[PDB]
């Protein structure tokens, strides 16, 4: 359940963002921005599984307002993203993103980051844009006690992940050290830059 490519969960109508991602974000923005540890604290797996099956197998929109613990919604969103056949930033651009984020000169790093985003398939680009705008708001909220650095650590394994389906143990440890900076860079890009992909 939910183990397919990002594109399987959206049409080619812009913005190309899966409904599950939009509904989760809307719920989280309404009652999660006041909660400490947002995206760090895990919700009940039983709830995550039930919601996941309704969204992806039954293909209906479950009533998220009925879910008492908003952390289960954060868990659902992370679970959906993390279990895609390939990560949000794709296998093809995994290394490109890490290398871009590693350029010593900041403006040069930012330029390489923009070039990489420009290479993403549309679904990935639009979903990433939507997610970044949302996470900036999570960092911006003083109630979540989650800053850019913390969010980058949570989402590094979630959206950057690895360059291959079955990376060796050592390479995995090396990838994990490099993921956070990629997300920190992405979260720091201009709101207007990301927003342009939302207005169509």
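Numbering follows the first chain given and starts at 1.
- As listed in the deposited structure, the average C-alpha B-factor of 64 to 72 and of 127 to 135 is greater for 64 to 72.
- Comparing 53 to 61 with 153 to 161, the higher mean C-alpha B-factor in the PDB entry belongs to 53 to 61.
- Sorting the modelled residues of the chain by their CA temperature factor places residue 175 in the middle third.
- Among the modelled residues of its chain, residue 186 has a C-alpha B-factor that falls in the lowest third according to the deposited record.
- In this PDB entry, the Cα temperature factor of residue 44 sits in the top third of its chain's modelled residues, the highest group.
- When the modelled residues of the chain are ordered by C-alpha B-factor, residue 21 sits in the lowest third.
- When the modelled residues of the chain are ordered by their C-alpha B factor, residue 117 lands in the lowest third.
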